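Asks: Structure in structure tokens, see below.
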Protein chains: 2
Amino acid sequence: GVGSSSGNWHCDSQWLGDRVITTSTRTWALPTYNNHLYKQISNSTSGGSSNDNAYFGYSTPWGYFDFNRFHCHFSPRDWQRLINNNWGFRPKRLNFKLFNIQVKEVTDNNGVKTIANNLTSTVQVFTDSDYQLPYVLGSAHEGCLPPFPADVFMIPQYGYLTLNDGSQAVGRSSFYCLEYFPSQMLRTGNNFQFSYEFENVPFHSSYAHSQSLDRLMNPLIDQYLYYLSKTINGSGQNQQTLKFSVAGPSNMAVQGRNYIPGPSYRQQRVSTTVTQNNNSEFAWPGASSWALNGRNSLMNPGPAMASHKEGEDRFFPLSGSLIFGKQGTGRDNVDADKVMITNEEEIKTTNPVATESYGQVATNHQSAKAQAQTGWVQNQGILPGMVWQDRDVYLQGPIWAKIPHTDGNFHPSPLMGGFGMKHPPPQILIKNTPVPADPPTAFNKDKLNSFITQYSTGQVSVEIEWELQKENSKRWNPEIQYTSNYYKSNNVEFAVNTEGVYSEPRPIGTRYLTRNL
Amino acid sequence: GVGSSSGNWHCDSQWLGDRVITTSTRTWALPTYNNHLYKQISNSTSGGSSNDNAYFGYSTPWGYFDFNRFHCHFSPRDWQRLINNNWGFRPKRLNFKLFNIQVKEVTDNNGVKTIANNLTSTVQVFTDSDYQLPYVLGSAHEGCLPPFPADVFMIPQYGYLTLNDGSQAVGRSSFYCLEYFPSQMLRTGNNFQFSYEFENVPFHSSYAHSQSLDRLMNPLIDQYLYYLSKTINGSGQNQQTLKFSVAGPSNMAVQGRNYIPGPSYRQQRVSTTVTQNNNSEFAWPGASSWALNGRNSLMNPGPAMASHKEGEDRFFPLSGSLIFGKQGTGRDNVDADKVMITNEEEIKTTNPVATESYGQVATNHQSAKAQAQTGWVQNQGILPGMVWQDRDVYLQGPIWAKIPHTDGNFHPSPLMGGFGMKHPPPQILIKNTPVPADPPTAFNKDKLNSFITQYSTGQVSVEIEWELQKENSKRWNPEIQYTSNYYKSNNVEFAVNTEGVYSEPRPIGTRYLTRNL
């Protein structure tokens with residue numbers, strides 16, 4: 001009915017043993033996109049570009065619901081609870097509701113704007129439960145539910161890309177009509193809901209290692225293996241020899257080991273002290289990249305690698321880490337104090353440093369003549385016996401990604417962080433049903449071009465159940481914990497200021513507790 | 001439904017033996033507060049102040065329902081019945097209803113204001129039943145239900161304070177988002193209700209003592225105890241002696257007693273005959289106060305003490321009594337004839353006078369040389385064997401307060417009067433759901449800033465069941481009763497005037513019947 005509410009405001013968190021259930025409700029507004037039309041888009045329509053930036057695709061009159069960020073579900077305090085008390089977590093169940101739909105019509109006279117209710121208009125909503133549409137979630141896009149529950153947000157417009165040759169299309173390109181799906185139609189008084197079960201995924205590692213991969217031995221006992229220690233008796237000619245020694249606590253670098261650090265793809269090193277950087281432009285020319293069909297793409301963020309060495313936190317890889325913007329930061333050429341650079345220093349115990357060579361390999365045969373020659377390894381692929389950690393997740397970062405439907409993949413954990421699934425939470429698509437203005441009184445076969453100006457508003461609720469993996473550490477000394485600082489300040493961190501603006505002052509990871517290797 | 005009422009007007013009182021049930025219904029209006037925003041506030045945002053007045057906190061877009069005053073429930077005649085016939089009363093049950101919701105939208109053109117119904121808008125309401133929010137009830141604030149049932153009232157805005165250092169915040173400060181609670185959403189056609197059981201509390205003493213604590217003896221019989229009556233035989237040197245006498249009806253001041261008057265904290269004395277006061281400014285400098293973290297707060301009203309001696313009703317303690325304003329009284333520097341000063345003269349039989357010393361103590365050892373020296377006690381804490389009465393309640397005064405959640409407290413009766421509870425009636429919070437105006441037709445990630453101007457109106461009902469404690473006195477002569485005066489006047493007391501304004505001409509306490517000690 002018109003006078004009865006279709007749902008209530010549900011927003012809290014329940015901590016139930018080894019489960020936590022988060023619930024979020026937000027207020028959304030949806031405009032009419034594209035004047036109800038499907039439009040072909042390309043870099044031709046955007047004004048042209050280089051070959052690396054060419055594309056072809058379509059924008060649709062539909063919008064979509066995205067909640068693929070952790071702050072859509074966790075408050076900062078709840079995130080603190082989770083990361084300070086658990087070794088792991090993963091999503092299990094999802095429930096989604098859309099309710100209290102209101103459709104408004106806008107009339108603009110010469111000098112006045114009037115907004116009225118349209119009680120008989122509809123919104124169309126459907127889920128892509130069979131994964132038949134291009135999946136644009138999982139590209140770290142704007143338009144998710146806002147972190148602050150009081151913020152009213154605008155629903156982003158749906159569009160997609162297909163195969164391109166420059167700004168042109170090939171015969172293999174696909175065009176999708178979203179009206180060619182069955183969808184539910186809602187007047188003011190109807191609601192929509194659905195449930196979803198997550199795939200079985202591994203727990204995320206919300207811990208750091210308290211041991212290093214090269215320091216796993218007993219520091220008191222020798223090995224029963226020998227290593228070559230000398231090849232010449234001394235100075236002079238014809239001094240060749242072979243001497244062997246026991247590998248022990250005095251020489252840990254030469255001990256035999258069972259496991260080796262994971263793969264690498266070297267990045268350029270950039271200092272936040274700008275005077276230490278080379279006085280030249282190297283953002284694009286000095287960057288690591290990969291090529292596909294003649295197009296170059298930045299290797300960003302790339303394989304999970306440690307950001308810097310010990311004591312070198314002023315250095316960061318060129319495109320090897322996630323960079324978030326601070327509240328109120330612009331979009332073009334902002335200074336370093338306006339952005340937030342994450343660092344994966346916790347994985348330095350298993351993962352190679354991002355701005356270093358993996359190691360050295362022999363490159364010749366020494367003989368009595370050529371000396372022994374070695375070469376640097378700048379990119380090392382997977383080898384048997386390698387171990388590594390994945391990239392951390394953040395309160396501001398993405399949760400899941402869709403694994404591409406391919407013949408083969410390896411370790412399909414998404415490179416920007418999170419859970420990779422073949423059947424992720426489905427896309428939820430929404431659109432205001434077009435309402436024509438007065439048609440002519442003589443028949444015309446052309447499609448109608450005049451429409452009543454409308455938009456819609458409502459409430460959306462998402463509830464996720466997460467499974468937790470508790471710590472049972474035997475460590476004696478206290479752990480490192482995420483904490484607020486007592487020292488006085490003008491504002492409270494993770495709160496509003498005097499003007500009403502909510503901000504997140506820093507990125508928060510998940511790795512504070514410790515575990516052995 | 002839109003065309004059906006959600007509740008009826010219920011407003012009366014039922015006297016049922018040892019119970020009385022009061023019911024009140026009022027009409028309320030709720031605006032949009034803060035433009036739907038949370039704002040940080042401080043004395044910095046208020047313009048600065050002294051150290052004693054610094055604060056830090058937040059204002060919210062929510063309003064709240066308060067009925068923590070006796071005239072919200074009792075008519076003057078019902079109050080007369082209660083206080084003239086009972087030794088005690090206390091609250092037992094509460095029922096709360098919110099109904100007949102109407103949401104209106106306001107459109108302001110160049111020179112005209114139009115108000116229309118918005119049939120599809122919602123109000124959000126919830127109770128803080130777990131006491132998780134700062135409890136701002138119990139600070140004697142404006143914004144309660146009006147005494148006169150025909151008055152339409154405006155719902156006050158919710159705000160709270162947290163820890164401050166000057167105008168700055170510390171890391172211990174808490175920020176609360178009220179959208180982070182589950183709440184019920186109501187369209188025009190929905191209603192809300194809940195029930196609450198009061199904690200077990202002692203009966204309020206609606207009586208005065210007909211005996212004095214120093215006059216509890218039989219005036220005809222001697223004691224079997226002696227007191228020292230003489231220490232010198234007479235005039236001259238070396239006349240020391242020890243003489244003892246029986247304490248009896250001729251010397252009542254020296255009799256042994258089992259119980260002593262309650263505690264004290266001396267106040268400065270102010271005369272309503274201004275020419276008797278000192279010709280200087282002493283409102284702040286001469287006031288009693290307590291210190292907390294370097295901040296001074298007025299001791300107001302402080303411990304329950306008798307206002308004045310016999311025959312000195314022109315004197316009142318500086319900040320030791322509740323002062324109410326008369327109808328139409330301003331807020332800054334009004335004259336004494338514009339305010340109503342209560343007096344706790346009924347408790348002079350057990351409680352010390354507010355503007356006097358508690359007594360005298362010895363301060364040395366007399367010997368044969370030093371004479372006997374005594375000193376005044378200006379503040380006396382609790383001693384075993386002390387008895388006292390609490391502050392009276394008034395028809396205009398507060399009913400209950402929340403006892404702070406602390407390790408320890410003593411006699412947690414609220415100092416401004418009433419019933420102290422660990423789980424008082426919960427706070428009831430209400431807000432108009434924001435309705436965005438027309439959003440742009442291109443996606444923007446910023447939160448929406450343009451909203452439709454709305455407000456809401458409705459009916460609220462509160463029903464309280466109170467338990468009574470009847471008198472079974474054996475007193476022969478008639479009691480003192482609260483009564484109206486027959487003498488003619490321009491208006492009727494506790495009624496409206498020719499312009500429609502209701503007024504309460506005087507404060508009415510509860511202590512008219514008498515009881516023995």
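Chain labels run A, B, ... following the order of the structure tokens; each chain numbers its residues from 1, and ligands are numbered from 1 in the order shown.
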Enumerate as a PyMOL selection string the residues belonging to chain A that approach chain B to within 7 Å, with only C-alpha atoms taken into account.

Replies: chain A and resi 2-5+7-12+29+31-33+102+142-143+149-153+156-157+455+484-492+495-500

Asks: Fewer than 4 positions away in the same chain doesn't count, so skip those; otherwise give me all residues within 10 Å of residue 472 of chain B, counting only C-alpha atoms, as a VMD selection string.

Replies: chain B and resid 86 to 87 515

Asks: Please produce a file of the residues just selected, as an mmCIF file, in the first residue's frame, where the atoms kept are N, CA and C atoms.

Replies:
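Generated file (result-v4.cif):
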```
data_model
loop_
_atom_site.group_PDB
_atom_site.id
_atom_site.type_symbol
_atom_site.label_atom_id
_atom_site.label_comp_id
_atom_site.auth_asym_id
_atom_site.auth_seq_id
_atom_site.Cartn_x
_atom_site.Cartn_y
_atom_site.Cartn_z
ATOM 1 N N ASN B 86 -2.046 11.058 50.353
ATOM 2 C CA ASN B 86 -1.112 9.939 50.431
ATOM 3 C C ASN B 86 0.191 10.308 51.133
ATOM 4 N N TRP B 87 0.712 9.360 51.923
ATOM 5 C CA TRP B 87 2.096 9.384 52.401
ATOM 6 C C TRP B 87 3.120 8.994 51.348
ATOM 7 N N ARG B 515 3.635 12.897 59.678
ATOM 8 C CA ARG B 515 3.977 11.599 60.235
ATOM 9 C C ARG B 515 4.926 11.807 61.405
#
```

Asks: Find the spatial neighbours of residue 514 of chain B, counting only C-alpha atoms, within a cut-off of 9 Å - ignore same-chain residues fewer than 4 positions away - and output them as a PyMOL selection string.

Replies: chain B and resi 87+206-210+473+475+479-480

Asks: Excluding segment 413-421 of chain A and any residue of its chain fewer than 5 positions from it, enumerate the residues within 12 Å of it, using only C-alpha atoms, and give them as a PyMOL selection string.

Replies: chain A and resi 68-70+89-92+138-140+197-206+299-305+319-323+342+344+389-405+426+509-510

Asks: What does the file look like for those residues with N, CA and C atoms, as a compact mmCIF listing (two decimals), in the first residue's frame?

Replies:
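Result saved to out-v6.txt:
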```txt
# COMPACT_ATOMS: atom_id res chain seq x y z
N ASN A 68 30.91 -3.79 -2.61
CA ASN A 68 32.15 -4.57 -2.61
C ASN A 68 33.30 -3.79 -1.98
N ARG A 69 33.07 -3.27 -0.78
CA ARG A 69 34.10 -2.63 0.03
C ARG A 69 33.81 -2.93 1.49
N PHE A 70 34.87 -3.08 2.28
CA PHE A 70 34.71 -3.56 3.65
C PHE A 70 34.01 -2.54 4.53
N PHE A 89 39.20 -14.75 8.62
CA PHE A 89 37.77 -14.57 8.40
C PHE A 89 37.47 -14.83 6.93
N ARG A 90 36.19 -15.09 6.66
CA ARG A 90 35.72 -15.25 5.29
C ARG A 90 34.21 -15.06 5.25
N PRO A 91 33.65 -14.62 4.13
CA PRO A 91 32.19 -14.48 4.04
C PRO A 91 31.50 -15.81 3.76
N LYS A 92 30.33 -15.99 4.37
CA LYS A 92 29.51 -17.19 4.22
C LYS A 92 28.16 -16.90 3.60
N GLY A 138 34.37 -5.56 -9.09
CA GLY A 138 35.72 -6.08 -9.06
C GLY A 138 36.73 -5.30 -9.87
N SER A 139 36.43 -4.04 -10.19
CA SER A 139 37.40 -3.14 -10.80
C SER A 139 37.67 -1.92 -9.92
N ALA A 140 37.36 -2.02 -8.63
CA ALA A 140 37.64 -0.97 -7.64
C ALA A 140 37.04 0.37 -8.05
N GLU A 197 24.50 -17.63 -1.21
CA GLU A 197 25.51 -18.36 -0.46
C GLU A 197 26.85 -18.20 -1.15
N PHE A 198 27.86 -17.79 -0.38
CA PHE A 198 29.20 -17.64 -0.92
C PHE A 198 29.81 -19.01 -1.23
N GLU A 199 30.67 -19.03 -2.24
CA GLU A 199 31.49 -20.21 -2.49
C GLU A 199 32.42 -20.46 -1.31
N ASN A 200 32.87 -21.70 -1.21
CA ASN A 200 33.92 -22.03 -0.25
C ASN A 200 35.21 -21.35 -0.67
N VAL A 201 35.73 -20.47 0.18
CA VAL A 201 36.97 -19.75 -0.10
C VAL A 201 37.90 -19.93 1.09
N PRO A 202 39.21 -19.84 0.92
CA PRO A 202 40.11 -19.89 2.07
C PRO A 202 39.95 -18.66 2.95
N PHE A 203 40.24 -18.83 4.24
CA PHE A 203 40.26 -17.71 5.16
C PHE A 203 41.30 -16.69 4.72
N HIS A 204 40.99 -15.41 4.87
CA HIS A 204 42.02 -14.40 4.70
C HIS A 204 42.96 -14.43 5.89
N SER A 205 44.24 -14.21 5.63
CA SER A 205 45.27 -14.25 6.67
C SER A 205 45.35 -12.89 7.34
N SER A 206 44.67 -12.73 8.46
CA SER A 206 44.77 -11.49 9.24
C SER A 206 45.81 -11.64 10.34
N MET A 299 51.57 -2.76 -14.76
CA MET A 299 51.56 -3.87 -13.80
C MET A 299 51.20 -3.28 -12.44
N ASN A 300 49.90 -3.26 -12.15
CA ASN A 300 49.39 -2.50 -11.02
C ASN A 300 48.18 -3.19 -10.42
N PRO A 301 48.25 -3.63 -9.15
CA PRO A 301 49.42 -3.51 -8.27
C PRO A 301 50.45 -4.62 -8.48
N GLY A 302 50.09 -5.66 -9.22
CA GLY A 302 51.00 -6.74 -9.53
C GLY A 302 51.06 -7.79 -8.44
N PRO A 303 52.06 -8.67 -8.51
CA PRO A 303 52.19 -9.73 -7.50
C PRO A 303 52.47 -9.16 -6.12
N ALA A 304 52.00 -9.88 -5.10
CA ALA A 304 52.16 -9.44 -3.72
C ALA A 304 53.63 -9.52 -3.33
N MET A 305 54.24 -8.36 -3.13
CA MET A 305 55.65 -8.25 -2.76
C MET A 305 55.79 -7.23 -1.64
N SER A 319 54.18 1.33 -8.99
CA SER A 319 52.78 0.97 -9.12
C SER A 319 52.50 -0.37 -8.46
N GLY A 320 53.16 -0.63 -7.34
CA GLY A 320 53.03 -1.89 -6.64
C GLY A 320 52.18 -1.88 -5.39
N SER A 321 51.49 -0.78 -5.09
CA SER A 321 50.68 -0.70 -3.88
C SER A 321 49.43 0.12 -4.15
N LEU A 322 48.41 -0.12 -3.33
CA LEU A 322 47.16 0.62 -3.44
C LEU A 322 47.32 2.01 -2.84
N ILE A 323 46.87 3.02 -3.56
CA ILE A 323 46.91 4.41 -3.11
C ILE A 323 45.48 4.92 -3.02
N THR A 342 49.51 2.64 0.92
CA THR A 342 49.64 1.45 1.74
C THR A 342 51.00 0.80 1.52
N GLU A 344 52.96 -3.10 2.18
CA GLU A 344 52.89 -4.51 2.56
C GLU A 344 54.19 -4.96 3.20
N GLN A 389 52.83 -15.04 0.82
CA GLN A 389 51.59 -14.49 1.34
C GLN A 389 50.90 -13.66 0.27
N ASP A 390 49.59 -13.53 0.38
CA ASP A 390 48.83 -12.69 -0.53
C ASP A 390 48.75 -11.26 0.01
N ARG A 391 48.23 -10.36 -0.82
CA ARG A 391 48.10 -8.97 -0.42
C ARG A 391 47.05 -8.82 0.68
N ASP A 392 47.30 -7.89 1.59
CA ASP A 392 46.37 -7.62 2.68
C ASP A 392 45.11 -6.94 2.16
N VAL A 393 44.04 -7.02 2.95
CA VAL A 393 42.81 -6.30 2.67
C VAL A 393 42.71 -5.13 3.64
N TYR A 394 41.94 -4.13 3.25
CA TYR A 394 41.83 -2.89 4.00
C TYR A 394 40.36 -2.55 4.23
N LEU A 395 40.12 -1.75 5.27
CA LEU A 395 38.77 -1.29 5.56
C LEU A 395 38.18 -0.52 4.38
N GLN A 396 39.02 0.18 3.62
CA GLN A 396 38.59 0.92 2.44
C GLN A 396 38.66 0.11 1.16
N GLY A 397 39.20 -1.11 1.20
CA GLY A 397 39.48 -1.85 0.00
C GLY A 397 38.39 -2.81 -0.44
N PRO A 398 38.61 -3.48 -1.56
CA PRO A 398 37.61 -4.42 -2.09
C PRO A 398 37.57 -5.73 -1.32
N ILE A 399 36.43 -6.40 -1.43
CA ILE A 399 36.19 -7.66 -0.75
C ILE A 399 36.41 -8.85 -1.68
N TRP A 400 35.74 -8.88 -2.82
CA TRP A 400 35.76 -10.04 -3.70
C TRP A 400 36.02 -9.62 -5.14
N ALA A 401 36.33 -10.61 -5.96
CA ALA A 401 36.43 -10.45 -7.40
C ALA A 401 35.95 -11.72 -8.08
N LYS A 402 35.52 -11.57 -9.33
CA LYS A 402 35.10 -12.70 -10.15
C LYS A 402 36.31 -13.23 -10.91
N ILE A 403 36.60 -14.51 -10.72
CA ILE A 403 37.66 -15.16 -11.49
C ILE A 403 37.21 -15.26 -12.95
N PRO A 404 38.02 -14.81 -13.90
CA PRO A 404 37.62 -14.91 -15.31
C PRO A 404 37.41 -16.36 -15.72
N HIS A 405 36.41 -16.57 -16.57
CA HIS A 405 36.07 -17.91 -17.05
C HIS A 405 37.06 -18.31 -18.14
N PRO A 426 26.01 -11.76 -7.18
CA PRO A 426 25.59 -11.32 -8.51
C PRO A 426 25.38 -9.81 -8.59
N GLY A 509 44.85 -2.07 7.78
CA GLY A 509 44.97 -3.43 7.30
C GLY A 509 44.38 -4.42 8.28
N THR A 510 44.83 -5.67 8.17
CA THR A 510 44.31 -6.74 9.02
C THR A 510 45.38 -7.49 9.80
```

Asks: Just the strand (DSSP E) stuff from segment 315-373 of chain B, please, per backbone DSSP, written as an MDAnalysis selection string.

Replies: chainID B and resid 315:317 323:325 339:341 359:362

Asks: Could you save the residues just selected, with N, CA, C and O atoms, as a PDB file, in the first residue's frame?

Replies:
```pdb
ATOM      1  N   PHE B 315      15.062  34.574  53.501  1.00  0.00           N
ATOM      2  CA  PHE B 315      16.396  34.113  53.148  1.00  0.00           C
ATOM      3  C   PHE B 315      16.312  32.831  52.327  1.00  0.00           C
ATOM      4  O   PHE B 315      15.429  31.997  52.537  1.00  0.00           O
ATOM      5  N   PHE B 316      17.235  32.683  51.385  1.00  0.00           N
ATOM      6  CA  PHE B 316      17.344  31.456  50.613  1.00  0.00           C
ATOM      7  C   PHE B 316      18.807  31.164  50.325  1.00  0.00           C
ATOM      8  O   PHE B 316      19.618  32.090  50.214  1.00  0.00           O
ATOM      9  N   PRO B 317      19.177  29.890  50.225  1.00  0.00           N
ATOM     10  CA  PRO B 317      20.556  29.551  49.859  1.00  0.00           C
ATOM     11  C   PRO B 317      20.867  29.960  48.429  1.00  0.00           C
ATOM     12  O   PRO B 317      20.002  29.945  47.552  1.00  0.00           O
ATOM     13  N   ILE B 323      14.800  26.883  41.216  1.00  0.00           N
ATOM     14  CA  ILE B 323      14.149  28.133  40.851  1.00  0.00           C
ATOM     15  C   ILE B 323      13.484  27.936  39.498  1.00  0.00           C
ATOM     16  O   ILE B 323      14.162  27.676  38.499  1.00  0.00           O
ATOM     17  N   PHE B 324      12.163  28.057  39.468  1.00  0.00           N
ATOM     18  CA  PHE B 324      11.390  27.947  38.243  1.00  0.00           C
ATOM     19  C   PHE B 324      11.021  29.334  37.738  1.00  0.00           C
ATOM     20  O   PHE B 324      10.920  30.290  38.509  1.00  0.00           O
ATOM     21  N   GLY B 325      10.822  29.436  36.431  1.00  0.00           N
ATOM     22  CA  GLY B 325      10.364  30.671  35.839  1.00  0.00           C
ATOM     23  C   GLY B 325       8.852  30.722  35.723  1.00  0.00           C
ATOM     24  O   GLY B 325       8.191  29.708  35.531  1.00  0.00           O
ATOM     25  N   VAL B 339      10.502  34.958  38.914  1.00  0.00           N
ATOM     26  CA  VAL B 339      10.904  33.579  39.155  1.00  0.00           C
ATOM     27  C   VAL B 339      10.194  33.061  40.399  1.00  0.00           C
ATOM     28  O   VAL B 339       9.608  33.817  41.173  1.00  0.00           O
ATOM     29  N   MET B 340      10.252  31.744  40.578  1.00  0.00           N
ATOM     30  CA  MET B 340       9.589  31.045  41.674  1.00  0.00           C
ATOM     31  C   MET B 340      10.637  30.230  42.418  1.00  0.00           C
ATOM     32  O   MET B 340      11.161  29.250  41.880  1.00  0.00           O
ATOM     33  N   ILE B 341      10.929  30.619  43.653  1.00  0.00           N
ATOM     34  CA  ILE B 341      11.965  29.982  44.456  1.00  0.00           C
ATOM     35  C   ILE B 341      11.303  29.002  45.415  1.00  0.00           C
ATOM     36  O   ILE B 341      10.494  29.400  46.260  1.00  0.00           O
ATOM     37  N   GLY B 359      27.821  22.297  63.204  1.00  0.00           N
ATOM     38  CA  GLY B 359      27.994  22.341  64.647  1.00  0.00           C
ATOM     39  C   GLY B 359      29.393  22.775  65.021  1.00  0.00           C
ATOM     40  O   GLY B 359      30.074  23.460  64.252  1.00  0.00           O
ATOM     41  N   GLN B 360      29.815  22.363  66.212  1.00  0.00           N
ATOM     42  CA  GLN B 360      31.122  22.708  66.746  1.00  0.00           C
ATOM     43  C   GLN B 360      31.875  21.447  67.137  1.00  0.00           C
ATOM     44  O   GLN B 360      31.284  20.472  67.603  1.00  0.00           O
ATOM     45  N   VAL B 361      33.191  21.479  66.946  1.00  0.00           N
ATOM     46  CA  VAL B 361      34.075  20.404  67.380  1.00  0.00           C
ATOM     47  C   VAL B 361      35.191  20.994  68.226  1.00  0.00           C
ATOM     48  O   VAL B 361      35.570  22.155  68.062  1.00  0.00           O
ATOM     49  N   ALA B 362      35.723  20.186  69.135  1.00  0.00           N
ATOM     50  CA  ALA B 362      36.899  20.592  69.889  1.00  0.00           C
ATOM     51  C   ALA B 362      38.114  20.654  68.972  1.00  0.00           C
ATOM     52  O   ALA B 362      38.240  19.880  68.020  1.00  0.00           O
TER      53      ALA B 362
END
```

Asks: Using only C-alpha atoms, which residues sit within 10 Å of segment 363-377 of chain B once same-chain residues fewer than 5 positions away are excluded, as a PyMOL selection string?

Replies: chain B and resi 238+240+264-266+356-358

Asks: For the residues in that selection, give me C-alpha atoms as a PDB file, in the first residue's frame.

Replies:
```pdb
ATOM      1  CA  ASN B 238      42.467  27.005  91.813  1.00  0.00           C
ATOM      2  CA  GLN B 240      38.775  23.306  89.534  1.00  0.00           C
ATOM      3  CA  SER B 264      25.676  19.323  55.235  1.00  0.00           C
ATOM      4  CA  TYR B 265      27.549  21.503  52.739  1.00  0.00           C
ATOM      5  CA  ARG B 266      27.149  25.135  53.714  1.00  0.00           C
ATOM      6  CA  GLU B 356      24.375  27.385  58.867  1.00  0.00           C
ATOM      7  CA  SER B 357      27.285  25.425  60.262  1.00  0.00           C
ATOM      8  CA  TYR B 358      26.614  21.802  61.145  1.00  0.00           C
TER       9      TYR B 358
END
```

Asks: Can you tell me, as a PyMOL selection string, what residues are no more than 12 Å from residue 383 of chain B when counting only C-alpha atoms, ignoring any on the same chain fewer than 6 positions away?

Replies: chain B and resi 259-264

Asks: Measuring atom to atom with only C-alpha atoms, identify which of B:219, B:111, B:285, B:412 is nearest to residue 255 of chain B.

Replies: B:219

Asks: Hey, which of A:388, A:160, A:55, A:67 ends up closest to residue 306 of chain A? Count only C-alpha atoms.

Replies: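 Using only C-alpha atoms, the shortest distance to residue 306 of chain A belongs to A:388.
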
Asks: Just checking: using only C-alpha atoms, which residue out of B:244, B:15, B:196, B:224 ends up closest to residue 78 of chain B?

Replies: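 Of all the options, B:15 lies closest to residue 78 of chain B.
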
Asks: Near segment 225-234 of chain A, counting only C-alpha atoms, which residues have an atom at most 6 Å away, once you skip same-chain residues fewer than 6 positions from it, shown as a list in words?

Replies: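 Everything that qualifies: residues 240, 241, 242, 243, 244, 245, 246 and 247 of chain A.
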
Asks: Give me, please, the distance in Å between atom CA of residue 504 of chain B and atom CA of residue 328 of chain B, quoted to one decimal.

Replies: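 Computing it gives 11.0 Å between the two atoms.
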
Asks: So which residues of segment 77-306 of chain B fall under alpha helix (DSSP H) by DSSP, listed as a PyMOL selection string?

Replies: chain B and resi 77-85

Asks: Can I get the selected residues back with N, CA, C and O atoms, as a compact mmCIF listing (two decimals), in the first residue's frame?

Replies:
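Generated file (result05.txt):
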```txt
# COMPACT_ATOMS: atom_id res chain seq x y z
N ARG B 77 -5.47 19.26 39.69
CA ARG B 77 -6.44 18.64 40.58
C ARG B 77 -6.01 17.23 40.99
O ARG B 77 -6.16 16.83 42.15
N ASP B 78 -5.47 16.45 40.04
CA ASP B 78 -4.98 15.12 40.36
C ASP B 78 -3.79 15.18 41.32
O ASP B 78 -3.67 14.36 42.24
N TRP B 79 -2.90 16.16 41.11
CA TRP B 79 -1.80 16.37 42.03
C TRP B 79 -2.30 16.71 43.43
O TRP B 79 -1.75 16.24 44.43
N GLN B 80 -3.34 17.55 43.51
CA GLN B 80 -3.94 17.87 44.80
C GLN B 80 -4.48 16.62 45.48
O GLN B 80 -4.25 16.40 46.67
N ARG B 81 -5.21 15.78 44.74
CA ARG B 81 -5.70 14.52 45.29
C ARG B 81 -4.55 13.70 45.88
O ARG B 81 -4.58 13.29 47.05
N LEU B 82 -3.52 13.49 45.06
CA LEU B 82 -2.38 12.67 45.47
C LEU B 82 -1.73 13.20 46.75
O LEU B 82 -1.59 12.47 47.74
N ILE B 83 -1.36 14.48 46.75
CA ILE B 83 -0.58 15.02 47.86
C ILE B 83 -1.42 15.24 49.10
O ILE B 83 -0.87 15.21 50.21
N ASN B 84 -2.72 15.47 48.97
CA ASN B 84 -3.55 15.64 50.15
C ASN B 84 -3.97 14.32 50.76
O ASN B 84 -4.41 14.31 51.92
N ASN B 85 -3.86 13.21 50.03
CA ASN B 85 -4.34 11.96 50.59
C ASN B 85 -3.30 10.87 50.77
O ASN B 85 -3.64 9.82 51.32
```

Asks: Given the choices B:27, B:453, B:223, B:268, which gets closest to residue 283 of chain B if the distance is worked out from only C-alpha atoms?

Replies: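 Closest to residue 283 of chain B, using only C-alpha atoms: B:268.
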